[PDB]
Amino acid sequence: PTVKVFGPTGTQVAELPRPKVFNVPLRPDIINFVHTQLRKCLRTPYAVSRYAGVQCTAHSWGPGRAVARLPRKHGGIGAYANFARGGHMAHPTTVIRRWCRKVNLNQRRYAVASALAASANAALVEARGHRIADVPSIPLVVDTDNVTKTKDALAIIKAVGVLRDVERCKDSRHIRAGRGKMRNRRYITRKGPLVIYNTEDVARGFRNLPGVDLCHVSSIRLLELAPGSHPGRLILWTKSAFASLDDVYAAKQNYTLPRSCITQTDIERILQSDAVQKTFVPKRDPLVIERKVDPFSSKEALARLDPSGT
Amino acid sequence: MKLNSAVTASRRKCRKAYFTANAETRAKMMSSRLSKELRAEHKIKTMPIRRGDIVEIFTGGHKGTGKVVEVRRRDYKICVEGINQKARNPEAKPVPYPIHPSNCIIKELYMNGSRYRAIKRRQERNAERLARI
Amino acid sequence: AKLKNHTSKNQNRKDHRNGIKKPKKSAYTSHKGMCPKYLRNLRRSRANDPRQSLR
Amino acid sequence: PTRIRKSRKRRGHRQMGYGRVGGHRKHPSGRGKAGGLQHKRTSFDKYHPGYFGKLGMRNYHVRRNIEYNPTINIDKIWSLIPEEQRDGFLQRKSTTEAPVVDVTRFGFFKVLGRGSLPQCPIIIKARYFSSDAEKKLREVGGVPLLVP
Amino acid sequence: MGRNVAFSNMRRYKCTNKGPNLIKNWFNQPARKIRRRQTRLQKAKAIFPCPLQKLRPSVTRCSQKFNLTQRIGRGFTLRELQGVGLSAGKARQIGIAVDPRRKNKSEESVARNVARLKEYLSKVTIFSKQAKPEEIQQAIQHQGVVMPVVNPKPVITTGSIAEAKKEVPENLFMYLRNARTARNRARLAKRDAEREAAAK
RNA sequence: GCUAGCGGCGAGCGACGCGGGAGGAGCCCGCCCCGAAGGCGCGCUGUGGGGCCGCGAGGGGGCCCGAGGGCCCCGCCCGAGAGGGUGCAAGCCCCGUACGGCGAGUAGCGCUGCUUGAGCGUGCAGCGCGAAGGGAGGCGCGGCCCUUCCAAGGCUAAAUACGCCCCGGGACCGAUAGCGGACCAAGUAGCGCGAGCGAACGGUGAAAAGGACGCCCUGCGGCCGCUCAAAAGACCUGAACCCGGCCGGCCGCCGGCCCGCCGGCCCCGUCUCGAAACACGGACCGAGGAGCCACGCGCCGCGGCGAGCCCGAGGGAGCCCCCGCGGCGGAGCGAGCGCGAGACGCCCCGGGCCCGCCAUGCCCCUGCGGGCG
């Protein structure tokens, strides 16, 4: 099939052949595994100090002073123990924890492809919280010569119907709950459009727009593709980027895109097909359980068991 | 976002700068929008507040016009003339209510000779910026 | 000091919990300990005609 | 990870899965594989035959590259021929032009004979050959050959 | 707990809390790549026409495990240099590394390396006699290994069965086996000859 | 690679050559030649030559509030919607942010001691002895070769390591936590003859507006109220234990019922055959307080790929993108020399047979070798 390309004013401009990456099977579990491992790689190390709790000179007073046996300082102040105030942690955090997990290139390339396949799926994109009502097609490809001005970038977003999503991010700005505020994470804004570009300076124009993230086709990021480990980011593809998507995958050397599989809808149709229905045989009639009754009292109840006697 | 990594976006580091700033930085930090008549006249949006400045506070309590009589840099607050706290008895010294410089708009300035030179220096740098920096 | 030297109580119960397991079926037919000569003859005999899997 | 772990489900249980009668104590059986010939002989005999003793001549420095001898099989010689090349070779037979496979180039030194070559003359060039390799190679019509 | 567990060959941690510091964390990895790129970029800028890497020779990888592969070596021998007619000073001044320690060990190595020098000498352009800025600016710095050594992928040739048959003895396996055991079969013969002298 | 080796060959211990990268750069003195030409008060016992600075966009109206930074309508600037402040949650109130500009007492050897994985010796060292062609090739000793180097003199960049201090950042801690130390004076107050030890203590409010005035006090101070949105009054919130006034009630738990009667009811934790135990710990209450992380091995599940498989270190004006070796698996078995798997079969088990190791016949080539059993 083909994908419609739209102009800056929202008119149809051309039709681009759909890249084969969009047919890659949609596997949410691969996206979650790669996202979890990759986000852990972007963690900074934390650890309590090596000398914490152990710079005191404390030795146990011992049995026979009616005290407990824990290390005590000169005045008998408890020390060097997890329970003690000012004691070392029982097992102190260390910077030698493995922070980064390992993902094989093949799976880290399946995750991106499946996430892109989810982007082609409007149903998944609506479920990810995007406002797609006015977007003319999903996937959306927009011709956009270098946009160096935010005002002009917004005018293209208004024409192509992505504006409601850009607004839902602007309005979302709020102060986060917790010590996140204190630790340089004060404001949370909902994430919305993603602009993938090639051979364009559209970055200067869309960067300030609230909620919009921009990436070059050559280096697409899964974390941007699936924010929250949820597949279905709204992607605005610039004509050049979407028409080069097949080249990027072709230049992934010895890589064959994961072969497409069937969907749930296609297996209900296949199950509903006459061939499967012909094989179906009608099941034998079930047992009638009923419930115990005293047959002796009722003429009718005895009659079910003893027709002659009644 | 900020591309100069040399600057800090840490709440703690930025707040320490405000709380513990050199006087020359405290003075610029205490600045107020010039009136639209003064904006046309001097072609500068904001000037650092001095002592002899007529100012209109558009704030909530104490909204009014007054001439600054005290600038308290350590508290980061200015005291206009006129705006004062309610007095418990009529026979008592009036206490000025401290107003933030950001809560007020300048209506007149103490031109001095250094202030004239400062408006000129800024006007020149703004003109270079307007010439496609 | 002194503890119990030996007890058999419960050991029969423990054995019969899932036990009294018969000894395989291969064991009843194994050629371990069989006559070396008889076994050689069996191989030569089954290495001729339909039984032979020699190809 | 930590949330989906057994020790999180052992809270309120005291001992934490280690037993009232004998709890977790530090090093109850000893530290390391100590006790192999004494207190743990039953384990080192049940599952570790050959653990204790000395069994062979000792080379002070084994030279890992003189020792290295890579091997091929008469069954995998034809997978070394590129697939497009292999089909033409198979139909032609060509005693005149049969494909010489220098196994040394592909990384192998000795040709063993695990399975069976296809019935087409081949010519295999190697440092060494087995007996049932040469027999299988020469039956197919191929010639065992030695390469410097 | 036991059952069949392969035993560990791990060594116990030494100097864990006191001592030299035997732990190397690699958080400095992303930023070491950046520092190393910058050092190369700044060194490259300092000599724009000149490539960062000097021509180095094609040398056989040592050992029988890699005999038929080639790698880059420290420098050209003085025999390889005499094939192109270049002194060690001139060669180094034009960016060809020189090793006076290396000895060729084969006629083939000299020819392979002499060929490689000829390609470089044709490729090298010397900017002399007053730096013509537009022409020195026009020059492009070569980045990465100069002429990187390529190990050709193996190919399948074609041969006559008859010519091959002349080259090998029948029962090659016997001939190979006779050669492997020759020293031992001769030592046992010499020993047996002495046991015969015992009769006399 | 972590093996080769070492080790009451026990517990343990343990390199290296390959190979892939980072980074690469070579040289000198003695000797010998000349001899004062030299660095010439010396020296022929030999000198000399061979980063700062800098501008910086764009908001109003109403409601309401102690105060918008709130709510409702409606705009504007975005190469700037990083942040900080401002009387409540601010892209447009302020600061900023993005955009800029200008070779001998030696080697070796003998004996000893330390050391190494180095094993009839890994590197050193004392002593005794002391070469001339000499060193090495992972089992000593004597011969003969071969490969490969020249010790007993010196210099040398790069890639690499790292605290104080400065700079940025964090899925870090949040005042019993985090440094011992967030408190204008923490290595302080205090303690020890000394070496040394070593605390506690954050938060009024938007603004000090830190309490008007009247009354009664001998006075202390009470009262009334004042300032404030509020006393928030020496301080935010104000718990539990414990206590006092008033105010019910008669007393623990569980069950029934209008509810004070009837019926049941030992003190938990803990080791223990067995605890209400005259076994132990526990006055009370609040906070803190104990299977985490690394690495190795076993097995299980799951994902990708499949006789293959692999973000190795690295490199790509590139760090979620691309490119990227060993390794491991694919063949085993034997102390080794070495030799080296097809015959079947859904699957499983077994038998049969093949390969190695060990024996035994028989045949024969290129023969203590090959073939067949």
# chains A, B, ... in the order shown; residues from 1 in each chain; ligands from 1
>>> interface_residues(of="chain A", to="chain E", cutoff="9 Å", atoms="only C-alpha atoms", output="list in words")
residues 44, 45, 50, 95 and 96 of chain A
>>> write_last_selection(atoms="C-alpha atoms", output="PDB file, in the first residue's frame")
ATOM      1  CA  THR A  44      23.858   7.462  37.380  1.00  0.00           C
ATOM      2  CA  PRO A  45      25.630   5.563  40.298  1.00  0.00           C
ATOM      3  CA  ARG A  50      32.939   3.869  52.682  1.00  0.00           C
ATOM      4  CA  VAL A  95      28.980   1.817  43.366  1.00  0.00           C
ATOM      5  CA  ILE A  96      29.950  -1.636  42.023  1.00  0.00           C
TER       6      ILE A  96
END
>>> select_by_dssp(residues="segment 56-143 of chain D", states="alpha helix (DSSP H)", output="PyMOL selection string")
chain D and resi 64-67+83-92+103-106+131-140
>>> interface_residues(of="chain D", to="chain F", cutoff="9 Å", atoms="only C-alpha atoms (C1' of nucleotides)", output="NGL selection string")
:D and (7 or 16 or 20-21 or 31-34 or 52-65 or 71 or 112-116 or 130)
>>> write_last_selection(atoms="N, CA and C atoms", output="compact mmCIF listing (two decimals), in the first residue's frame")
# COMPACT_ATOMS: atom_id res chain seq x y z
N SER D 7 12.80 -13.46 49.56
CA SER D 7 13.11 -12.95 50.91
C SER D 7 12.14 -11.83 51.26
N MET D 16 13.42 -16.50 58.75
CA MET D 16 13.61 -16.18 57.31
C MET D 16 13.97 -17.41 56.49
N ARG D 20 14.31 -23.08 62.96
CA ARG D 20 14.42 -22.75 64.40
C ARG D 20 15.53 -23.56 65.06
N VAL D 21 15.55 -24.88 64.82
CA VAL D 21 16.49 -25.81 65.50
C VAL D 21 17.93 -25.47 65.14
N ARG D 31 34.64 -23.31 55.48
CA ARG D 31 34.77 -22.25 54.45
C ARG D 31 35.49 -22.82 53.23
N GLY D 32 34.81 -22.84 52.08
CA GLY D 32 35.41 -23.38 50.85
C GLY D 32 35.04 -24.82 50.60
N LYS D 33 35.89 -25.54 49.87
CA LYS D 33 35.63 -26.97 49.55
C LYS D 33 36.44 -27.78 50.57
N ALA D 34 36.66 -27.21 51.75
CA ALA D 34 37.40 -27.89 52.83
C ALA D 34 36.58 -29.04 53.41
N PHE D 52 41.03 -35.72 43.81
CA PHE D 52 42.31 -35.77 44.58
C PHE D 52 43.37 -36.63 43.90
N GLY D 53 44.58 -36.11 43.75
CA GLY D 53 45.64 -36.95 43.19
C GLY D 53 46.44 -36.26 42.11
N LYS D 54 47.21 -37.02 41.32
CA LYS D 54 48.02 -36.49 40.20
C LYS D 54 47.87 -37.52 39.07
N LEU D 55 47.70 -37.11 37.81
CA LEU D 55 47.42 -38.12 36.75
C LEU D 55 48.34 -38.11 35.53
N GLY D 56 49.20 -37.13 35.34
CA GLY D 56 49.93 -37.17 34.06
C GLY D 56 51.26 -36.49 34.02
N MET D 57 51.94 -36.56 32.88
CA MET D 57 53.20 -35.81 32.71
C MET D 57 52.84 -34.33 32.72
N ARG D 58 53.71 -33.50 33.29
CA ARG D 58 53.39 -32.06 33.43
C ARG D 58 54.28 -31.25 32.47
N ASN D 59 53.68 -30.41 31.62
CA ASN D 59 54.49 -29.52 30.76
C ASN D 59 54.55 -28.18 31.49
N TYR D 60 55.75 -27.66 31.73
CA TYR D 60 55.87 -26.41 32.51
C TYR D 60 55.20 -25.26 31.76
N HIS D 61 55.37 -25.18 30.44
CA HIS D 61 54.65 -24.15 29.64
C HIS D 61 54.04 -24.83 28.42
N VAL D 62 52.72 -25.06 28.45
CA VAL D 62 52.07 -25.62 27.23
C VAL D 62 52.10 -24.49 26.21
N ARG D 63 52.53 -24.76 24.99
CA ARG D 63 52.53 -23.75 23.90
C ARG D 63 51.19 -23.93 23.20
N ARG D 64 50.26 -23.02 23.47
CA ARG D 64 48.85 -23.11 23.00
C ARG D 64 48.72 -23.09 21.49
N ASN D 65 49.76 -22.69 20.77
CA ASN D 65 49.56 -22.57 19.30
C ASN D 65 50.17 -23.78 18.60
N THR D 71 40.05 -29.20 13.18
CA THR D 71 39.68 -30.40 12.39
C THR D 71 38.43 -30.14 11.55
N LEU D 112 38.90 -35.38 9.00
CA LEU D 112 38.36 -36.65 9.54
C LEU D 112 37.21 -37.11 8.64
N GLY D 113 36.63 -38.27 8.90
CA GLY D 113 35.58 -38.79 8.01
C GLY D 113 34.34 -39.18 8.78
N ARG D 114 33.65 -38.20 9.36
CA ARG D 114 32.46 -38.49 10.19
C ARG D 114 31.29 -38.98 9.36
N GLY D 115 31.05 -38.37 8.21
CA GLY D 115 29.82 -38.75 7.49
C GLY D 115 30.08 -39.20 6.08
N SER D 116 29.61 -38.45 5.08
CA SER D 116 29.79 -38.92 3.69
C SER D 116 29.81 -37.76 2.70
N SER D 130 42.66 -38.47 8.00
CA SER D 130 42.44 -39.72 8.74
C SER D 130 42.55 -40.87 7.74
>>> residues_around(residues="residue 61 of chain E", least_positions_apart="3", cutoff="6 Å", atoms="only C-alpha atoms (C1' of nucleotides)", output="PyMOL selection string")
chain E and resi 66-67+69-71
>>> residues_around(residues="segment 50-52 of chain C", least_positions_apart="5", cutoff="12 Å", atoms="only C-alpha atoms (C1' of nucleotides)", output="ChimeraX atom specification")
/C:42-45 /F:343-344,351-353
>>> write_last_selection(atoms="C-alpha atoms (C1' of nucleotides)", output="PDB file, in the first residue's frame")
ATOM      1  CA  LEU C  42      23.654 -63.959  20.582  1.00  0.00           C
ATOM      2  CA  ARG C  43      25.372 -61.126  18.698  1.00  0.00           C
ATOM      3  CA  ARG C  44      26.550 -63.496  15.882  1.00  0.00           C
ATOM      4  CA  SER C  45      23.088 -65.128  15.714  1.00  0.00           C
TER       5      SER C  45
ATOM      6  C1'   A F 343      23.636 -48.283  11.435  1.00  0.00           C
ATOM      7  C1'   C F 344      19.708 -47.955  12.306  1.00  0.00           C
ATOM      8  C1'   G F 351      19.993 -53.247  22.464  1.00  0.00           C
ATOM      9  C1'   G F 352      22.973 -53.247  18.240  1.00  0.00           C
ATOM     10  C1'   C F 353      27.079 -50.987  15.921  1.00  0.00           C
TER      11        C F 353
END
>>> interface_residues(of="chain B", to="chain F", cutoff="8 Å", atoms="only C-alpha atoms (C1' of nucleotides)", output="PyMOL selection string")
chain B and resi 1-2+5-11+14-15+18+28-33+60-61+85-86+88-89+95+97-98+100-104+122+125-126+129+133
